[PDB]
Protein chains: 6
Amino acid sequence: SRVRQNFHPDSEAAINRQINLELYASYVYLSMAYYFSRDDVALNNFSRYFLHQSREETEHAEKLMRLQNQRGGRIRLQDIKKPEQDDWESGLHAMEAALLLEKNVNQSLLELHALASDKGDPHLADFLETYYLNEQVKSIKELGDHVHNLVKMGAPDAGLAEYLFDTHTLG
Amino acid sequence: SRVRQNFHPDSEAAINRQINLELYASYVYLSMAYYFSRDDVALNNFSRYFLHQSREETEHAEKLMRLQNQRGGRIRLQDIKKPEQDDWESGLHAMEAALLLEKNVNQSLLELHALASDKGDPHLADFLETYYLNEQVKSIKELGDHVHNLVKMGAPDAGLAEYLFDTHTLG
Amino acid sequence: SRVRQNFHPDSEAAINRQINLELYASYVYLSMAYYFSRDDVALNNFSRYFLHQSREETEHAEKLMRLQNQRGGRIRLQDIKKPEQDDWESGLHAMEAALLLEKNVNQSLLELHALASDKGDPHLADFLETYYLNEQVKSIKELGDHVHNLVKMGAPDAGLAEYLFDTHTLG
Amino acid sequence: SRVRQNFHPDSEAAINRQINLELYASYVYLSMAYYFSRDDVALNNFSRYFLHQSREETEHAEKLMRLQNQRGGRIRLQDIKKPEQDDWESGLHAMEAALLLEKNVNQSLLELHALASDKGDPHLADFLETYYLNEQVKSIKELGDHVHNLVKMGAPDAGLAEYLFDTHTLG
Amino acid sequence: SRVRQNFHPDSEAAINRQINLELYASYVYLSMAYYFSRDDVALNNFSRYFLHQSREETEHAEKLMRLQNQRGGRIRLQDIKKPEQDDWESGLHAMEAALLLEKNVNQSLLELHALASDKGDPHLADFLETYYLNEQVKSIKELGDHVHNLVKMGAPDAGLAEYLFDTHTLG
Amino acid sequence: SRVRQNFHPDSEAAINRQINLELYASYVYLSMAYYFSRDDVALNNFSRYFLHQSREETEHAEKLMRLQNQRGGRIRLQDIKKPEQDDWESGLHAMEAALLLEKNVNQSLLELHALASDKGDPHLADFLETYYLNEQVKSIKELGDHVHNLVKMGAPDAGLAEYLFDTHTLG
Ligand SMILES: [Mg+2]
Ligand SMILES: [Mg+2]
Ligand SMILES: [Mg+2]
Ligand SMILES: [Mg+2]
Ligand SMILES: [Mg+2]
Ligand SMILES: [Mg+2]
Ligand SMILES: [Mg+2]
Ligand SMILES: [Mg+2]
Ligand SMILES: [Mg+2]
Ligand SMILES: [Mg+2]
Ligand SMILES: [Mg+2]
Ligand SMILES: [Mg+2]
Ligand SMILES: [Mg+2]
Ligand SMILES: [Mg+2]
Ligand SMILES: [Mg+2]
Ligand SMILES: [Mg+2]
């Protein structure tokens with residue numbers, strides 16, 4: 001590529017793997033979003049919350065795809081694995097699953113950053129720091145907040161907990 | 001499901017298959033969109049066009065997921081298969097692939113409609129007719145228009161064709 | 001902490017020490033601010049300048065406290081040491097003391113950054129670079145400018161110097 | 001000091017002690033504020049409430065520093081002691097600690113007022129009455145209200161109490 | 001310098017060399033801009049495009065000069081070498097020359113970043129990442145896009161190519 | 001050149017030399033501008049003043065480059081020589097150097113005008129008179145004003161002079 005400069009094939013590959021992971025995260029959140037609009041779940045603000053997260057993950061994927069193009073890498077898409085469950089069990093369980101997902105995505109981003117650093121790719125390093133690392137920290141913190149509140153409120157067994165959390169925190 | 005009424009498990013299954021197909025179509029268009037943003041393709045309005053199509057396909061998927069929940073079905077997500085190519089070769093080839101994709105999706109929707117009709121599910125039948133069947137016809141027609149113009153203009157070999165089509169038709 | 005990820009206890013501790021240092025800097029500037037509104041100093045724009053700096057330092061402290069929470073660290077507050085003087089002697093001396101303070105805070109931030117780097121904490125590294133390192137450089141530069149002008153103008157002995165600097169530069 | 005008039009050195013000293021106490025109160029509230037932003041507390045309106053209180057205490061400190069300068073006293077800053085805890089245990093416990101803090105600050109202000117009265121300093125007496133004594137009464141009353149509601153609602157053990165109090169009263 | 005802190009003389013020198021390189025890039029683009037407004041070239045949007053790039057390069061130079069001052073370095077200006085050609089041959093050739101120039105400038109910036117990293121200057125590292133590295137990637141990508149389109153369109157020999165590219169892409 | 005008319009190659013050459021001189025003047029002013037932003041100079045309105053002059057010189061250069069193209073001449077760029085100093089010593093010395101620079105540029109413009117007149121090029125003559133000769137007179141007068149005031153005020157040794165001149169005249 002006539003634009004490619006200081007862009008290691010390993011970084012290119014890792015970016016492609018990260019693209020897939022971001023798409024996967026979008027899919028997970030999409031699944032959660034539509035779990036919460038089931039008639040036997042019907043937590044519309046959980047649904048909206050995860051829908052929003054899903055679209056944010058798509059933007060995360062797209063920024064990496066743009067990065068790949070900008071750097072002269074070649075996007076290599078892979079299957080977006082279905083989420084691990086279709087029944088996310090409860091608002092709390094979904095929040096906990098999302099928290100685990102974000103920490104896993106964060107770990108992947110940190111490994112990607114270590115790779116960028118190993119390859120002396122400050123542009124990639126900065127790209128991750130600018131657009132992903134703090135977004136991950138904020139997302140993990142937010143999910144942590146949500147998990148704690150839901151746990152403290154007695155979710156999922158306390159019938160009012162997820163309902164009230166849905167209307168107040170996620171409203 | 002206490003909302004489920006006149007909703008055949010075959011229709012539920014076919015809706016889940018259609019959800020996956022719509023997600024797949026979104027993915028195909030996403031791949032195309034970022035193919036045209038490659039430095040060695042750089043047809044930004046092809047890119048935008050397919051990006052828009054990608055997001056519309058996501059809405060197609062979501063409406064079916066909404067339908068599933070509305071009818072008391074249970075969304076069953078599957079892997080979103082990667083698109084058949086990462087290199088979409090040219091604006092014309094991408095348009096032709098999109099055309100083939102839309103006709104395939106249309107065939108799936110028509111089969112879904114035949115199933116809805118077979119199962120006496122007028123709500124599902126109307127749902128497809130209202131939101132999918134004409135949208136598919138419109139999309140197939142548009143892609144056909146685009147394919148014809150690109151062919152007529154000499155794409156992909158005529159160097160000005162895809163460039164001018166990008167700026168004029170997709171602008 | 002269920003949010004804690006790639007966050008070394010040393011970094012957590014260093015952030016707590018930095019929080020204290022930022023609070024200390026706020027206090028120093030608060031002291032300076034109210035030194036300059038003494039009836040026998042009465043340099044109201046020196047006062048406002050240092051008051052503004054004081055509040056900025058509080059925001060610096062708060063961002064680190066937020067960082068601590070975001071990363072799952074536990075804020076550990078310590079006494080905010082009183083400033084080294086209550087009588088800041090002159091506009092020039094206060095500016096020079098502030099300059100020294102900022103360079104000391106900068107050194108602490110650079111050590112914190114080296115620690116983040118040593119611990120492979122790019123989020124923390126980026127956090128410091130994004131919110132502190134350049135703010136420090138700009139603050140040190142500004143104080144350097146102020147010190148130079150005050151020195152060149154003949155502060156503190158030239159009776160018009162701090163007065164005119166107060167009204168023009170700090171106005 | 002050419003402005004000093006009817007300003008007893010005891011009052012000057014007591015004002016300096018009160019400045020420190022107000023700064024200390026600010027610090028206590030700052031600690032509480034960021035306690036409630038912990039991922040395992042995550043009561044954002046408790047956090048905001050105490051943050052607001054913290055900044056109000058800083059204004060309390062500053063008005064006394066202003067008073068010191070206005071009267072020709074000399075501000076003598078002391079270490080701002082760290083708050084007694086970094087872990088404020090619960091919204092209720094923090095409210096109760098804040099209540100105790102405000103009554104302690106109020107006692108100090110009342111002693112300061114008695115001193116002002118003993119020294120025939122009506123300006124200082126009026127200053128305290130105008131800006132501190134009723135503010136303290138209001139603050140103590142508000143915290144008492146909050147404590148009662150939290151207790152009545154079952155805080156901290158009733159999982160919904162602090163959550164609902166956070167969203168409704170502190171919202 | 002009383003502001004100088006953690007600023008290695010090598011970094012200072014490298015910044016001065018980078019200032020010159022940025023000024024040089026501005027000059028190259030200025031030359032290109034006025035090449036395209038020759039009566040026998042007369043591609044006014046190529047001209048405007050390179051004029052814009054020229055002024056952007058001046059801002060790149062100025063930010064480095066400001067950085068030098070901010071850090072306490074001493075700007076040391078050198079001759080701005082004339083561009084390698086006055087006759088830039090064609091829109092395509094100018095775009096290709098600009099692409100090569102940007103990659104060369106990028107290489108210099110990456111070397112500067114490696115130096116900053118070697119010298120443990122995170123402020124300088126962040127400065128380059130924040131203001132230069134991604135700007136370079138975007139500029140190289142854009143020029144790559146432009147080069148590809150011009151090549152594909154048949155520039156410079158296809159008489160309509162640069163004309164149409166001028167009006168559509170650079171308009 | 002099919003536009004070239006009554007345009008002597010000597011005039012073309014002299015215009016190219018004048019372009020370089022205007023670029024050089026821009027560079028001198030750029031150097032001065034960033035000299036006054038040094039932490040040990042810190043005369044921000046001197047800095048702004050010379051920065052403005054620098055950009056005006058670039059416009060002077062560009063109008064001549066425009067003229068060259070308009071007349072069918074061929075721009076021949078040369079190295080832009082670095083300014084004679086990086087340390088401009090004082091606001092007064094910089095003003096005096098700028099004054100000398102402008103008179104030198106003016107002399108070059110007057111020689112260019114004499115050449116235009118010798119070659120019977122009234123368009124070039126008018127071009128210089130319309131856009132350069134009075135601008136030079138105005139600039140030389142302004143710098144003379146500034147030099148006189150700075151001298152009269154006691155610059156550079158009177159510590160308040162350049163400071164006050166910076167804030168009042170250059171503000
Ligand atoms: Mg993501
Ligand atoms: Mg496969
Ligand atoms: Mg599987
Ligand atoms: Mg569709
Ligand atoms: Mg029908
Ligand atoms: Mg600070
Ligand atoms: Mg202690
Ligand atoms: Mg002590
Ligand atoms: Mg780094
Ligand atoms: Mg108070
Ligand atoms: Mg009374
Ligand atoms: Mg540049
Ligand atoms: Mg030389
Ligand atoms: Mg040469
Ligand atoms: Mg000029
Ligand atoms: Mg005449």
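A, B, ... follow the sequence lines: proteins, then strands. Residue 1 opens every chain.
- With a 6.0 Å radius and a threshold of 12 heavy atoms from other residues, nucleotides or ligands, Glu111(E) has its CD atom above the threshold.
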Take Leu30(F) and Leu77(E) through the side chain to side chain contact (heavy atoms under 4.5 Å, CB included) test and state the conclusion after the steps. CA-CA 10 Å; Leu30(F) 182 64; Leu77(E) 297 178; 5.7 Å; no
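- Listed options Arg55(E), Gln85(E), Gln68(E) were ranked by heavy-atom pairs under 4.5 angstrom with chain F; first place goes to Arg55(E).
- Only the side chain of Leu51(F) comes within less than 4.5 Å of a heavy atom of chain E; its backbone N, CA, C and O stay farther away.
- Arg76(E) has no carboxylate O lying under 4.0 Å from a charged side-chain N of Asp87(F), or vice versa, which leaves the two without a salt bridge.
- To the nearest 0.5 Å, atom CD1 of residue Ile75(E) and atom CG of residue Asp86(F) are 8.0 Å apart.
- Using a distance-only test at 3.5 Å, with no hydrogens or angles considered, a donor-acceptor pair links the side chain of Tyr27(E) to the main chain of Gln78(F).
- Interface remark: of the candidates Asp40(F), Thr58(F), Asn20(F), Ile80(F), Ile80(F) forms the most heavy-atom pairs closer than 4.5 Å to chain E.
- Of the atoms belonging to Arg66(F), heavy atoms from both backbone and side chain fall under 4.5 Å from chain E.
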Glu62(E)/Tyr34(F) under side chain to side chain donor-acceptor pair (under 3.5 Å): CA gap, chis, key distance, verdict: CA-CA 8 Å; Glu62(E) 288 198 56; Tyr34(F) 280 89; 2.5 Å; yes
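- A salt bridge is defined here as a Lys NZ or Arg NE, NH1 or NH2 lying under 4.0 Å from an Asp or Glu carboxylate O, and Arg71(E) with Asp39(F) fails to meet this definition.
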Test side chain to side chain donor-acceptor pair (under 3.5 Å) on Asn69(E) and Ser37(F); report intermediate values, then the result. CA-CA 7 Å; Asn69(E) 280 343; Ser37(F) 276; 4.8 Å; no
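- The number of heavy-atom neighbours closer than 6.0 Å to NZ of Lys152(F), taken from other residues, nucleotides and ligands shown, is 12 or below.
- A donor-acceptor pair is defined here as one N or O able to donate and one able to accept, closer than 3.5 Å; no such pair exists between the side chain of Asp79(E) and the backbone of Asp79(F).
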Evaluation steps, side chain to side chain contact (heavy atoms under 4.5 Å, CB included), between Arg74(F) and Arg38(E): CA-CA 8 Å; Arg74(F) 288 300 169 251; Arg38(E) 288 172 44 162; 3.1 Å; yes
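- Interface remark: of the candidates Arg2(F), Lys81(F), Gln70(F), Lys81(F) forms the most heavy-atom pairs closer than 4.5 Å to chain E.
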